[PDB]
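# Requesting a structural model of the entry that follows:
(one chain, ligands or ions: 4)
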Amino acid sequence: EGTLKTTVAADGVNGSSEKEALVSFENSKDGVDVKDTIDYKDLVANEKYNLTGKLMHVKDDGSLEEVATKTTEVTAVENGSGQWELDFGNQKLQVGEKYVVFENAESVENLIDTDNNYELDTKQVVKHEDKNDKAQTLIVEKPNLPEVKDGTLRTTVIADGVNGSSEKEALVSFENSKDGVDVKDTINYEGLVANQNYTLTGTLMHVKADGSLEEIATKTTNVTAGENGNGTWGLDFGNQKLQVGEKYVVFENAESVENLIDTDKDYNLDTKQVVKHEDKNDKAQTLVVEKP
Ligand SMILES: [Ca+2]
Ligand SMILES: [Ca+2]
Ligand SMILES: [Ca+2]
Ligand SMILES: [Ca+2]
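Numbering: from 1, shown residues only. Ligands and ions are numbered 1, 2, ... in the order given. You can find the structure just below:
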């Protein structure tokens, strides 16, 4: 009987029996140009056929859904074996999804005698509808998205050259306070995205005796995460005119300059990585100006 073998071309990449046509993430952005080459054998020489192609979505739920269809009139060459090309044009194919080409060729004329009277009574119908044929299959590649970990910030304030610690606040002597207090902050980060830029906003808070907060200073710098998204940054608030007997604490917020997380499963990055350390009771971030 008559047979069809098929080979899909998706954005210029061909499928084969061992491997599906891979469409790069970059090429999927403007849609995918899909064509199919049909190798026919044992058709009837010089006869016309109606060739119907279908681009099927091999859905994760186990179903096949039609995405495109094209019907055209084609003619079998002398000796009944040759090749036809069917073009689906540009298709908006989904990232991470697999699609397969189905082909059906039906003769325009009756070419088969099914009752042995020499009078032809049935069309020649040949198809290739195999969801497992890798030669007919394409896969739209997924982007390599950043491995976003749970980001953390640990901080240590430095006040007039004295480090804060978890055990004790940075104690600034009265002598040291007389000419203002030089305040800087060490930010130890982990779980950020290597080589990405972040907006680091440090805010020096006055923690009053009632526990209430008041912004004394704020500085905002552009910083880049290091190797493996772990490292150290600094924020220098400069010379601060701090009040004797009062307590101050450093807050830190780091926001990725770009979207680094895909939170709606469409493969497009839509959320920034935000990491903060806003603890009014963390002694490592606290300084106290000592009384005379
Ligand atoms: Ca394309
Ligand atoms: Ca017949
Ligand atoms: Ca000082
Ligand atoms: Ca998204």
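
# how far does stretch 66-73 sit from the chain's center?
Computed by CA atoms, centre = their mean, to the nearest Å, the chain-centroid distance of stretch 66-73 equals 31 Å.

# hmm, who's touching it?
34, 48-57, 86-88, 91, 93, 99, 108 (CB atoms under 8 Å, 6 or more residues apart in numbering). Where C-beta positions appear, they are placed from N, C-alpha and C, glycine not excepted.

# Give me the buried subset of the residues you listed.
34, 49, 51-57, 86, 88, 91, 93, 99 (16 or more other CB atoms under 10 Å).

# Nearest to ligand 3, out of those residues: which one, please.
residue 93 (64.6 Å; CB to the ion).

# Would you mind listing the residues in contact with the closest one?
For residue 93, the contacting residues are 10, 23, 28, 31-32, 34, 67, 99, 138, 140, by CB under 8 Å, 6+ apart.

# from these, which are also near ligand 3?
Here nothing survives when the contacts of residue 93 are matched to ligand 3 using CB under 5 Å from the ion.

# Dump these to JSON lines, plus distance to ligand 1.
Below are these laid out as JSON lines (distance: CB to the ion, whole Å):
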{"residue": "10", "distance to ligand 1": "9"}
{"residue": "23", "distance to ligand 1": "7"}
{"residue": "28", "distance to ligand 1": "6"}
{"residue": "31", "distance to ligand 1": "5"}
{"residue": "32", "distance to ligand 1": "5"}
{"residue": "34", "distance to ligand 1": "10"}
{"residue": "67", "distance to ligand 1": "15"}
{"residue": "99", "distance to ligand 1": "13"}
{"residue": "138", "distance to ligand 1": "11"}
{"residue": "140", "distance to ligand 1": "10"}
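
# Of the residues you listed, which count as buried by neighbour count?
The neighbour-count criterion (16+ other CB under 10 Å) marks 10, 23, 28, 32, 34, 67, 99, 138, 140 among those as buried.

# Now render those as TSV, adding distance to residue 206 and secondary structure.
Converted to TSV, the buried ones among the contacts of residue 93 look like this (distance: CB to CB, whole Å; DSSP: H, G, I helix; E, B strand; the rest coil):
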residue	distance to residue 206	secondary structure
10	63	strand
23	58	strand
28	53	helix
32	59	strand
34	65	strand
67	62	strand
99	62	strand
138	62	strand
140	55	strand
